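Every number in this text was worked out from the coordinates using simple rules, so none of it is lab data. Cβ sites come from the backbone with ideal geometry, for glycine too, and all protein chains shown count toward neighbours.
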Amino acid sequence: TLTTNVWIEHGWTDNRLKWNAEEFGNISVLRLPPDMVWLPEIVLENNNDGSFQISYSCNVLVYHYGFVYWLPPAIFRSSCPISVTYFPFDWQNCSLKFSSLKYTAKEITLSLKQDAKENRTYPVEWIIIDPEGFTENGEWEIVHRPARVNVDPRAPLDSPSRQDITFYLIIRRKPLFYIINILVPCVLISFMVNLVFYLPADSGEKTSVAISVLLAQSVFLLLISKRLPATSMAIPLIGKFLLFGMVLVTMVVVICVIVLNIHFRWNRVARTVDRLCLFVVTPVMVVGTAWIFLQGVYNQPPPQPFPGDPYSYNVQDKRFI
Amino acid sequence: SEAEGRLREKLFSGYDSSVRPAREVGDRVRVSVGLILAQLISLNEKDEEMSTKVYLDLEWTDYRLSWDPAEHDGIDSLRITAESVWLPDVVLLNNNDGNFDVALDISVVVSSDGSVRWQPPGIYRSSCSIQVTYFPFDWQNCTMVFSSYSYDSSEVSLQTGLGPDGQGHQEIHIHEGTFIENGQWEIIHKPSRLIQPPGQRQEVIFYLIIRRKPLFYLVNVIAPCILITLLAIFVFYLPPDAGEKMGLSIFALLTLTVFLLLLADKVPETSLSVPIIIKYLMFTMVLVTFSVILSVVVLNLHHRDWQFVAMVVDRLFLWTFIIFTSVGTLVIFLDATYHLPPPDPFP
Amino acid sequence: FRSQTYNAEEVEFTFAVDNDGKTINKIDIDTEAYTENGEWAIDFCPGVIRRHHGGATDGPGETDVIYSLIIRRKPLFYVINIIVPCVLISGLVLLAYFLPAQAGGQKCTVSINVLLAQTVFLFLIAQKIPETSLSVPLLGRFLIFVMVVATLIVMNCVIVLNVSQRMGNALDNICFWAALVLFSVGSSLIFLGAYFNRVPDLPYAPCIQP
Amino acid sequence: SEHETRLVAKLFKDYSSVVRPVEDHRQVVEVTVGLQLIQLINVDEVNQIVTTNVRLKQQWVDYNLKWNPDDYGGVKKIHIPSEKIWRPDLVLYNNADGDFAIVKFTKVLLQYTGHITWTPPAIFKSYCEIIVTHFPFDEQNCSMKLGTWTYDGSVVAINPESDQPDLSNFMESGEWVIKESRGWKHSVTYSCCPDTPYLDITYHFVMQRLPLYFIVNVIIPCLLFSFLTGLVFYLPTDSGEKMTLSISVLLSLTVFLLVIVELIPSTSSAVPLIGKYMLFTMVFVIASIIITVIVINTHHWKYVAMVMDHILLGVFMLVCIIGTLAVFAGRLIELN
Amino acid sequence: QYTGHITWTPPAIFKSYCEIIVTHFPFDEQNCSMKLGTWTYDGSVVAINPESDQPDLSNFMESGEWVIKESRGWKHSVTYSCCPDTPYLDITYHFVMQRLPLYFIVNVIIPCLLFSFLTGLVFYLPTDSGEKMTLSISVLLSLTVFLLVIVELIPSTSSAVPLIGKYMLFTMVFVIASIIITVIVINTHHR
Ligand SMILES: *[C@@H]1O[C@H](CO)[C@@H](O[C@@H]2O[C@H](CO)[C@@H](O[C@@H]3O[C@H](CO[C@H]4O[C@H](CO)[C@@H](O)[C@H](O[C@H]5O[C@H](CO)[C@@H](O)[C@H](O)[C@@H]5O)[C@@H]4O)[C@@H](O)[C@H](O[C@H]4O[C@H](CO)[C@@H](O)[C@H](O)[C@@H]4O)[C@@H]3O)[C@H](O)[C@H]2NC(C)=O)[C@H](O)[C@H]1NC(C)=O
Ligand SMILES: *[C@@H]1O[C@H](CO)[C@@H](O[C@@H]2O[C@H](CO)[C@@H](O[C@@H]3O[C@H](CO)[C@@H](O)[C@H](O)[C@@H]3O)[C@H](O)[C@H]2NC(C)=O)[C@H](O)[C@H]1NC(C)=O
Ligand SMILES: *[C@@H]1O[C@H](CO)[C@@H](O)[C@H](O)[C@H]1NC(C)=O
């Protein structure tokens, strides 16, 4: 679920609400309860909890030339399907989809707002964000924020599903918290098993260390499985690492048991098997760990918000008419 | 809109939305019920509750709302706020939280011949009996039961909606490019049926047959338990002189207990049956307990030719535990795999 | 309880009067139907009517009725599931001294594993106690004291082993007696404060009649 | 529809929902009350609250809502919004923290004789004393006291539809079985008023727990730990692992205590039987640790220590079995 | 009142957005603000004036975890390029709240200090005792178990690393290094 605070700037023309200001004491703008005027009745279609409508019914501003401007603020909880593959270095493609259920594409037309520079108009094809007042979220960074009017040619023109406006938030996770609190401890504890081969067989603690590391990995797996949804379409990168690590820890337990079974029969043979299995498993551990983690480290959202569309949907790329 | 305003004012003169549109006293209002699934929000096995976002698709004839379009400026259909027309009180009978009604009374569409079509959104939390036995490889068969709360079968007659081809498409509709797919459940069968009463009401039941995708529980629980079982096996290959046999076996038990704490946050709480994964956990805990007991027996032999006897007994225990473990795990996995969703929703 | 709209010169409170003519200046509870809570009990429940002025220049008067529910915890669940296990776990620490000070001895092993169990109890307790910082709970103080003492026993056993592997039994005995006295006195002092600070005798009538 | 439109307009032109629907103020409105239990949603032993899904059928005659069917084309019954008519104000007297009254105002079926049937749904969160001592094998007698809040028995008399609640539509709960159920009407008298009775209908349900879940997830692990506790006395001292085994079993039991606390009710009214068993097992492990320390000190006399071990193994295993039986077998026999 | 003067004192629950700073956690001070203003009326049709320089704290119930060090309301008027004439007005109240650190000192700092102390003590323990490895492993396990508490108590904000989180990571690295060095020393002694 994505929870956002948004201000939805509606604009439309209602010629029934025109007046000459000079006939009414130079009143150029009027503020009215939204219950008085006709509304286009736009709703968040992909909401997650049955809150389809705007939260706070503030006044509409009606200008003398008939323009009706509305800026209702709303709290929305939309359905954002998560992709867990590269977690924690993941990025999510959430969206907010606005449409009318009371009116179809034949009765009202959805369009993006047009701004102007040098008397040339261009559509506002992105989410507006205050460049100085916007407090960034503590865990997510907004990479792209495009907007599209979607029309489905196969839908009937007299159905409400034909047209909508979708605003996309492509957000990136900030991984530092999970690196510090999860990734580094888990990786170091997992790598500690490489020292199990190094510890002398006469110490009598090698299996103890290995099984304790397995227990610690179990605790981390519990924590992460608490923190992530049980999606079965993919395995998270930290989950893949934990599985690989537990597999290797089990294999090191097996090797240690074999080495000790040799030792107490042979001591030089046991030590040689220890060192050989060290020189085998430790580089395999390192290479697998790097292969796993680098796949997430270089994971990034694509430079264009829509693959196969060269347009950037970005403020500096004003697509003038 | 002069003509629309005049027609709208005409139709509702003397109309009463509280009175059903039966022309004769014995007439029944036929209501077609269809369902569009927008999102399977979740299934909860602790509450035995399935949460879905749907659009209803209700159609009926209200003779009071017919008009001649050629007289009224060619207006051939009209959009009207649903509070102002008579609505069948079709409600979700098997809801779990006391929310019977639709989420938002959007407008109905009225055709000039009086056909009223209404497609309100609903968020619903129906009760659903969970087949806990094969969890997590289970499939579920959840139902949504729609019926009029008030009217009898002698007053409102329900029937399943037809498809776009006019066929008896008695199914939940799912648009491929619109449906929000669920990360854990796959929809297999989605029929609908009309249920006749044995003063009595008909019901329309829509069935979701959904299969759990097991990869998460395989990775996070089943594979760890297999690894723990393998370590409990190799406990018997560790010689008595290592002095770590108790340490290894009991720490394996502790790790198994931690995975039990993990799973206990997931399993259904009802006691009608034991999950196959819970059976597997209990079997593995029993295996670890027996490994501890037999390791103590071997050590009690060793510390007394007694060392050779102890070693032979340890070998025998290794092979016997291997046999028992393989038989148990093979039976468990075969039983979990052969349980499959049926080819027919009504076997 | 107060009127949301009206000041004290517009609406005024008085307590109801029972059929005996006595004013019910307290919360009323009926003995034959009231079910006690599974965690708390009610001891006193006096009511008072208060009057003030909201305007600092003696403006419009304000008035409210305040009822003081004096409630008491039933500790049995915490005694059985928390206090007794923690006490016995902390008592297990002292056995480290009797264990041999030579190879195969597990003095530090037992002490640190007991501390780990006490850390699991720390997690369990931290799940329950609220996060406010106005004071430290008795249970928290006892837990912290136990953990500190366990670390001191670990240090002492390490010192004893370092001396032995270079007096071992004498150091073990003297540190055992010191730790036993310190632990017993500290636990007693921690727990005893709840006895003196139990719910006091108060002039009010009991909320539930015998 | 035309006939029924005329009928509804004529019925409610001058209807008053404030006053009781009697012809004479000295008459008593007689209300039949039937409780249908659709689903037992939850039992909360900690807060002592039972959550149930119910239909509360109420039937009474409204004197002013009669009509002649022949005036209206043979219309013999209609459905009307229940907000328009007078209704009895049934309140759930032992409401814990839900709604006291009905809040889902569904339609009323009105017949030409003036007979009204209303069947609103409700979710009742009733308060009842929970007896946890035998948990999980316990049974609870929990009740729903219904009555008119502001009318006394001299102006509105309520009568139970049947001596038992309606369970025909009851969905089977997965953790509780309703052993029995019954509704009793009561008529209390007060010293102010020898004439006017105060009436209530108390429905009650005796429901029994299905303990299997708590057997599998709680009892069996504790039993396994208890059985592993005494095994240390079979372990030779020459292994040196006696302390390691006992301490690690203690630690695993301590970790499982987290699961126990997560699962069992944290009620302080009395210790649940599984709580007794857990504390017994914990004390038993602690005692086994103390005894292991004593035996080790004795060995460092070897034959004496070995004979002590052989005796204590049997003693501890017998104590384990005896405690398990004394805990569970008696209640199982009561259930048998 | 007969003068036409209206007083309205509605209750509200405000969930304001505040830029929490976690670097000094738990000893942090937060400056949190409530920006109030007319949504649709601009300063040329409705003017809002603060009643006093400070919020009214006379009825303030004392908090169990934060102490309000100071408070202050400031009225602001802003100009935009659409409109030279019409100001936009807001009143920003702010409160400087200081956390009471005692809870986090008790429940977080002391366990980490104890684990560090044990990790230090493990070096005075003789090699011939054999307890070294068991000691370091037990301390690592206890720290890992307490991490399940730490991750619940420490805020998951990735905006900055909390000081207590840095101390936790330092303790973890110290334990890891102690284990590695213990292994090295054990191997050295067996040479
Ligand atoms: C974040 O998530 C959003 C989703 O919310 C992603 O947006 C999706 O991006 C992809 C890639 O850019 C889009 O795919 C393209 O979509 C267009 C849509 O055109 C529409 O109108 C056409 C008429 O003008 C109509 O023909 C189109 O219908 C197509 O698709 C249907 C469905 O299969 C098919 O039946 C038709 O025959 C058409 O193919 C549609 O209504 C579409 O034109 C593109 O198709 C071209 O390219 C594909 C190759 O990819 C090729 O196979 C086709 O033949 C054709 O050449 C193409 O499908 C997708 O529509 C977007 N979805 C939206 C906006 O809702 C977004 O990319 C994500 N961002 C990330 C991850 O950064
Ligand atoms: C999913 O669950 C529903 C019930 O919730 C199952 O529907 C049930 O299906 C059975 C088998 O088809 C029906 O039994 C039928 O009874 C009649 C009368 O005896 C008989 O003539 C038929 O041959 C058949 O035996 C049962 O009535 C029906 N119940 C309902 C309420 O529809 C459905 O089959 C389940 N799906 C799966 C895949 O198991
Ligand atoms: C409106 O504005 C004009 C131009 O400033 C001014 O002359 C006039 O007096 C104003 N008033 C009315 C009532 O039109």
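Structure data summary
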read-out: Odd one out for B:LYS266 among (1) under 20 Å from A:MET246 (Cβ atoms); (2) assigned to a helix (DSSP H, G or I); value: (2)
read-out: Test result for A:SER232, crowded, with 17+ Cβ neighbours inside 10 Å, assigned to a loop (DSSP other than H, G, I, E, B) and away from ligand 2 (no atom under 16 Å from the Cβ); value: yes
read-out: Number of the exception - B:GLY177 against (1) farther than 30 Å from B:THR270 by Cα; (2) more than 14 Å from chain A (Cβ to nearest Cβ); (3) out of contact with any strand residue (DSSP E or B) (no Cβ under 8 Å at 6 or more places or on another chain); value: (2)
read-out: Residues within the stretch D:171-201 that are more than 17 Å from D:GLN36 (Cβ to Cβ) and surrounded by 12 or more Cβ atoms within 10 Å (Cβ to Cβ), tallied; value: 14
read-out: Test: residue in the stretch B:235-254 that is crowded, with 21+ Cβ neighbours inside 10 Å and among the aromatic types (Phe, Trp, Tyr); value: yes
read-out: Residues of the stretch E:91-115 classified as polar (S, T, N, Q) and more than 19 Å from the chain's Cα centre (by Cα), total; value: 1
read-out: Selected residue (criterion: surrounded by the fewest Cβ atoms within 10 Å (Cβ to Cβ)) from residues of the stretch C:58-82 that are hydrophobic (A, V, I, L, M, F, W, C) and within 11 Å of another protein chain (Cβ to nearest Cβ); value: C:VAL79
read-out: Pairs where the first residue, in the stretch A:12-40, is more than 16 Å from ligand 2 (Cβ to nearest atom) and the second is part of a helix (DSSP H, G or I), C-beta under 6 Å, 6+ apart; value: A:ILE27/A:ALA21; A:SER28/A:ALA21
read-out: Test set (1) outside any loop (DSSP other than H, G, I, E, B); (2) within 16 Å of ligand 2 (Cβ to nearest atom) - B:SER129 fails condition number; value: (1)
read-out: Output for the stretch A:235-283, where each listed residue is at the interface with another protein chain (Cβ under 8 Å from one of its Cβ atoms), closer than 25 Å to A:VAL184 by Cα and not in a helix (DSSP H, G or I); value: A:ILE235
read-out: Residues within the stretch D:83-97 that are surrounded by 15 or more Cβ atoms within 10 Å (Cβ to Cβ) and more than 13 Å from D:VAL8 (Cα to Cα), tallied; value: 10
read-out: Matching strands (runs of 3 or more DSSP E) fully within the stretch A:1-56 where at least 1 residues are within 16 Å of ligand 1 (Cβ to nearest atom); value: A:2-7, A:42-44
read-out: Number of the exception - D:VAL319 against (1) surrounded by 21 or more Cβ atoms within 10 Å (Cβ to Cβ); (2) more than 11 Å from chain B (Cβ to nearest Cβ); value: (1)
read-out: A:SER51 vs. criteria over 21 Å from A:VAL149 (Cβ atoms), hydroxyl-bearing (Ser, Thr, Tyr) and within 16 Å of ligand 3 (Cβ to nearest atom); value: no
read-out: Filter pass, A:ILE82 being within 16 Å of ligand 3 (Cβ to nearest atom) and either within 11 Å of another protein chain (Cβ to nearest Cβ) or part of a loop (DSSP other than H, G, I, E, B) (or both); value: no
read-out: So B:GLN140, is it within 16 Å of ligand 2 (Cβ to nearest atom), polar (S, T, N, Q) and at negative phi; value: yes
read-out: Which numbered condition E:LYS132 misses (of (1) surrounded by 21 or more Cβ atoms within 10 Å (Cβ to Cβ); (2) within 7 Å of another protein chain (Cβ to nearest Cβ); (3) not hydroxyl-bearing (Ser, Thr, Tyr)); value: (2)
read-out: C:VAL154 facing chain E (nearest Cβ under 8 Å) and assigned to a helix (DSSP H, G or I); value: yes
read-out: Residue identified as assigned to a loop (DSSP other than H, G, I, E, B) and farther than 22 Å from D:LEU92 by Cα among D:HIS25, D:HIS3; value: D:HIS25
read-out: From C:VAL163, C:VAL120, residue being facing chain E (nearest Cβ under 9 Å) and either surrounded by fewer than 23 Cβ atoms within 10 Å (Cβ to Cβ) or at positive phi (or both); value: C:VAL120
read-out: Qualifying residue in the stretch B:105-125 (condition: within 16 Å of ligand 2 (Cβ to nearest atom), more than 12 Å from every other protein chain (Cβ to nearest Cβ) and of a type in the set (A, V, I, L, M, F, W, C)); value: no
read-out: Every pair of residues 6+ apart whose Cβ atoms lie under 9 Å, when the first sits in the stretch D:175-197 and is within 14 Å of chain B (Cβ to nearest Cβ) while the second is basic (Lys, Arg); value: D:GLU175/D:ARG209; D:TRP176/D:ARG209; D:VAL177/D:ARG209
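Yes or no, residue by residue, for (1) within 29 Å of B:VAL54 (Cβ to Cβ); (2) within 16 Å of ligand 3 (Cβ to nearest atom); (3) more than 14 Å from chain B (Cβ to nearest Cβ):
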{"site": "A:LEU2", "(1), (2), (3)": "yes, no, no"}
{"site": "A:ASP14", "(1), (2), (3)": "no, no, no"}
{"site": "A:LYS18", "(1), (2), (3)": "no, no, yes"}
{"site": "A:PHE24", "(1), (2), (3)": "no, yes, yes"}
